[PDB]
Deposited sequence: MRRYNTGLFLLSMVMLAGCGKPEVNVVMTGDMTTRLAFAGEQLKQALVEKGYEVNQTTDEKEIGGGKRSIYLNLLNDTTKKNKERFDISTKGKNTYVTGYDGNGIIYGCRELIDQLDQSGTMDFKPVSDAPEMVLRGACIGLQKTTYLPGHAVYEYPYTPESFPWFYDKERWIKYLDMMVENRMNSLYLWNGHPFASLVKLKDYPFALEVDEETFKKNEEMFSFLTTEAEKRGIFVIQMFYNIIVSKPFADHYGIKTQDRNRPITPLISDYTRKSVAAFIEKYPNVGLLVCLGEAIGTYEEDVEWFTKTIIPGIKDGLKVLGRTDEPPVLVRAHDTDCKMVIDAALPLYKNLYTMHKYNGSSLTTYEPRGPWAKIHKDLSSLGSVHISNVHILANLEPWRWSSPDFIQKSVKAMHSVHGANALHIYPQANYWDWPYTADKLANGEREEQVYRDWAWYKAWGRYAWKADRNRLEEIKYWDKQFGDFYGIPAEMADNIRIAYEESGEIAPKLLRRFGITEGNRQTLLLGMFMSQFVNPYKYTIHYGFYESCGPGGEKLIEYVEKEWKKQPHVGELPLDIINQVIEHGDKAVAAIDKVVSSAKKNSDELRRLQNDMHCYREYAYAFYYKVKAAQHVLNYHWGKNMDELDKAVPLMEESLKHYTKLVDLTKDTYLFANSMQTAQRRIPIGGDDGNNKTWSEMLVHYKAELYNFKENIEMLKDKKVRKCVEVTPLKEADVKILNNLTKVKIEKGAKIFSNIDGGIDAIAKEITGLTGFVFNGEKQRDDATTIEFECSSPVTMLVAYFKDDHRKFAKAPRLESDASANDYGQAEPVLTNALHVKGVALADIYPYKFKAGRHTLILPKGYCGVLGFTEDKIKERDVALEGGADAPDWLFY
């Protein structure tokens, strides 16, 4: 009934192509004969030309269909086109196709990472064990993932871990380094042997990613060092262990690629370069040299928390075959019109003429609801080509990265909804448009009508309503985040909401340059719009009141769309009901958000004109916002375990996610309610007493601290020299700080060596640390969660006293707090000029010393 002939040299990938073509033929009637009436010839060439990689031709000639694969991936993707054409038409006549993928690497990532740190381990550190990661040892579950990967014609799988080597390689010189028992090493060995075998037959490259500088805890416990400390120098020993470990990994897993992050535990770009050129690359060559390999297989290097151009500039004489990675829209998905300074980084990395991989990273602003908008994804990949000059793709899970393999969805009696079931369209869209981006958009709505229809057992025409829900709801998180968001970072969980404070005083919640300038069409923040209204300047670009208008029409339409289609389902009906609850969530969130912003404008108008009417107007709008948030909670309280999957104190917006708190809509309603109580109390006091609450400014009393590493003390007051190497003393100093006992360091010595403070305290203290506001690189940069997970370990992420210190012929400084228990402490501050102004047991009150900001009405 149907012959399937396989021609030439076997190879695992030709076999697999045949295995898959057989399955689908039988799976639809049709009897078969395999070999070397109606025939399909699978032909495979040897073709070196880097031009025809992953390419296939399909022609037909009477009763005989021919698939030419220019290489192993090519024949696989040839057989995929037959199968898809079969899946979409009745028939077994085949439309001729001559085709190759546009993007040369197309791939996705699984974090061997957890929602929370692990006792005795720092951020990103999770040994490969069945205790932490049962799912990693499940072969049934790997074949399901890999088949989804091949079906979407993705050719790369990236495993993300802080320090994977201690789980996978033994070193004679460091045999105590090992982070797993003997039985767990054997299973790691079996599971990588099986992963790479099974990925290979499917044309999938397996890529192990690691951060730096991180060592094993046993390695650390023995030598007396930490597993990781961002600002600690490179040492021969840590270097020797990392080098031998990579040499080992290469020898043992010759077909597994490496994705290097030169972060987040390396303090300067120079140390970033020393590490890659003197430790990693020498290590990769040790392995190649043992394997007797003349060639240089590609090594992948991220832009994250390094100077991408500096590091490739430095490395290419040592190793030709570098590929680069950079985030698409930072740690979120905001636009298909990215631009500005982040575009240029992409574009310089891209203008090497190698591979440059767009990382759709973390999707903080999508967590945790269903998101898979064909149109948004198509337009995005097109921007990757035209703006960013990317020619490859790496994609995170749509949501719940940190909790693989499960979505955050709450099912009856503790059943966990799985991520490969829920987010199929996500993987299928990125995969589709990575293969070919320019596809007739109307032709595309038919294909997606049938994809959503097949899955729910609905006709395509009725299923078009499912596509609208996805494309209408899909614009909401991106628009709100680029236009009102504090950060593209997972330091923010957009879909829990924002306080009025964060709408009327965004700069107080720290907004790094490059976010608003890159992750959307230009346009005004709410404070800029309102400042423009009161000063009668014209408005330029994308405006906040337009967006909230767009965003509630997105909500209304997505709801009207899914509500038509939801009871038609012959299949996955329970899932379709969770999609409908999701769209009602996005609608109530949109309306909550709309009314809140509207109220914020009204409080900003009070800021500029001091009309009381303005504040009165805000109350009804805050009530209505709260109504819609109360409606959100009913929908979420029985359908979601949480929103954010990073459930640590690295989550700062809308508030701390310390110890896993403040990770549900229910918890947030408690704080949003309090918000309005305070507001209506503050209004009432204005209307009786005509007084507001403002900071009372009192000196911080000096803690009873002893210093263990013989620092020089200085009193902090106008004139004190906190730098020994400049003649300039202090010429401005916040009243809070004067009196305190701080330290004198050599700024030159701080560039080369940093700043170790070693002290004991008999009750809890805050150390006050001055970071100078100056792009000159001689200055230590302030802590920054976006680049550095440990930047809130002492509660130092955001500053307490801004514009609080000036030294003559240096700069202005913000004061940051480093909070410590009673105990004995060592801490290395970033290389560069910086101040240490002393220690207080006292409560610290946030103040902009320059100044009364519009957001005391909420406190």
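- Message: If a residue lacks a C-alpha atom here, it counts as unmodelled; so which stretches of the deposited sequence fall into that category?
- Response: Gaps in the modelled chain, taken against the deposited sequence, lie at 1-22, 59-66, 882-885.
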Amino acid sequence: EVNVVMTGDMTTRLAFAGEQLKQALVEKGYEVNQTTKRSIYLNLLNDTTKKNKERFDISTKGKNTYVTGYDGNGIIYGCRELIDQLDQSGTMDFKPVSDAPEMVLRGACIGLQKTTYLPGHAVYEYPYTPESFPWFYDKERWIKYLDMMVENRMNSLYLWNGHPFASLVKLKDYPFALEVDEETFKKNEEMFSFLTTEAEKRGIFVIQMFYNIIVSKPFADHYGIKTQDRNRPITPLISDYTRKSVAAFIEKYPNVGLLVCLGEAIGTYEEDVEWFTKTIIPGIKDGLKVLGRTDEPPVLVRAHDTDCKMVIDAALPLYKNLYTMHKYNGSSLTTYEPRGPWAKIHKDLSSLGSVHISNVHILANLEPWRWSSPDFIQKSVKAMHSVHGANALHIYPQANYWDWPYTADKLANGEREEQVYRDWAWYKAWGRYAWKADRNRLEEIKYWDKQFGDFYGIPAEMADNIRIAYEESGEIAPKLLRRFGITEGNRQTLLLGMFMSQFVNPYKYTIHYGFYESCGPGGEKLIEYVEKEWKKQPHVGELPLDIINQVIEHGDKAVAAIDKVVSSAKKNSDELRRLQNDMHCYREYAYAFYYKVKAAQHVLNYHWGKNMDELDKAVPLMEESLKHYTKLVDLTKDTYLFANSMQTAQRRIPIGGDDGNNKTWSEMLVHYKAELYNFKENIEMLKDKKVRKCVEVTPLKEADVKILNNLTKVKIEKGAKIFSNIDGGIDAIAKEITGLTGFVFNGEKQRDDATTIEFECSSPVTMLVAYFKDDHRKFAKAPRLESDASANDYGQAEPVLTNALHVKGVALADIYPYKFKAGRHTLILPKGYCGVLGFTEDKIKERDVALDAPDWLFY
From here on, numbers count along this sequence of modelled residues.
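With respect to the recorded C-alpha B factors, which stretch has the higher mean value, 489-497 or 625-633? It is 625-633 that shows the higher mean C-alpha B-factor.
- Item | Mean Cα B-factor comparison, 232-240 or 692-700, giving the higher one as deposited | Taking the mean C-alpha B-factor of 692-700 and of 232-240, the larger value falls to 692-700.
According to the deposited entry, which of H326, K715, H394, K114 has the largest Cα B-factor? Largest recorded C-alpha B-factor: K715.
ask   = According to the deposited entry, which of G474, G656, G162, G729 has the largest Cα B-factor?
value = That would be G729, according to the entry.
- Would you please rank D814 by its C-alpha temperature factor against the other modelled residues of its chain and give the third it falls in: lowest, middle or highest? Ranked within chain, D814 CA B lands in the middle tercile.
key: Ranked against its chain, the third holding the CA B-factor of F745   = Middle third of the chain for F745's C-alpha B-factor.
Could you place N803 in the lowest, middle or highest third of its chain by Cα temperature factor, using the values in the record? Middle third of the chain for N803's C-alpha B-factor.
query: Among the chain's modelled residues, which third holds the C-alpha B-factor of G267?
result: For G267, the deposited C-alpha B-factor lands in the lowest third.
Discussion item. When the deposited Cα B-factors of this chain's modelled residues are ordered and cut into thirds, is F56 in the lowest, the middle or the highest one?
Written reply: For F56, whose C-alpha B-factor we compare with every modelled residue in the chain, the answer is the highest third.
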